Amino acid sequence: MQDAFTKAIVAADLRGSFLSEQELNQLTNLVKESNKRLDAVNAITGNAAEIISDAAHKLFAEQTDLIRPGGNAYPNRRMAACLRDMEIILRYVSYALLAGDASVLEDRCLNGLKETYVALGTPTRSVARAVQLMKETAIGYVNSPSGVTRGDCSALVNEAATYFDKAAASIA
């Protein structure tokens, strides 16, 4: 598994080199913003259930076919599987966010996922949408939390978004 430092190290090694002063300071900056990062990961963990629930309510509000017989979130067994997948993806997105690298998300979650869903008959476009809704709400929480020191978290909100967007793209 990689994190943002480990990634630097692998690229340096492929040159046969000690880390460039370029790469050093990029990593010094990651340490600089790490308290914000911890709050951002904490924002997701602290509202995981609601993020999934709210995404869910809204997914089925839009796509009332999934909860009809014939639909891929019917009966209870399938809805529980769908709720479970929403949690799994939100979980690996939070891991990537602590790590500063998408690899755990791509390697443990996204790799093969689309082909799984197609084999199953699970409508990937609906799954992509559920991921887009989790993103909206998750970032909502990253941006408006309990008595965190005021500052600018937009860099981290972007990065979190790209992890949500990776997952969506990979699946649709």
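One-based numbering along the sequence shown.
Q: Which is higher in the entry, the mean Cα B factor of 59-67 or that of 23-31?
A: The stretch with the larger average C-alpha B-factor is 23-31.
Q: Averaging C-alpha B-factors over each stretch, which comes out higher, 145-153 or 5-13?
A: Per the PDB entry, the higher value belongs to 145-153.
Q: When the CA B-factors of 110, 133, 43, 118 are compared as recorded in the entry, which is the largest?
A: Each of 110, 133, 43, 118 was compared by C-alpha B-factor; the highest is 110.
Q: Going by the CA temperature factor in the PDB record, which third of the chain does residue 47 belong to: lowest, middle or highest?
A: Middle third.
Q: Ordered by C-alpha B-factor within the chain, which third holds residue 102? Give me lowest, middle or highest, please.
A: Its C-alpha B-factor, which the entry lists for residue 102, ranks in the highest third among residues of this chain.
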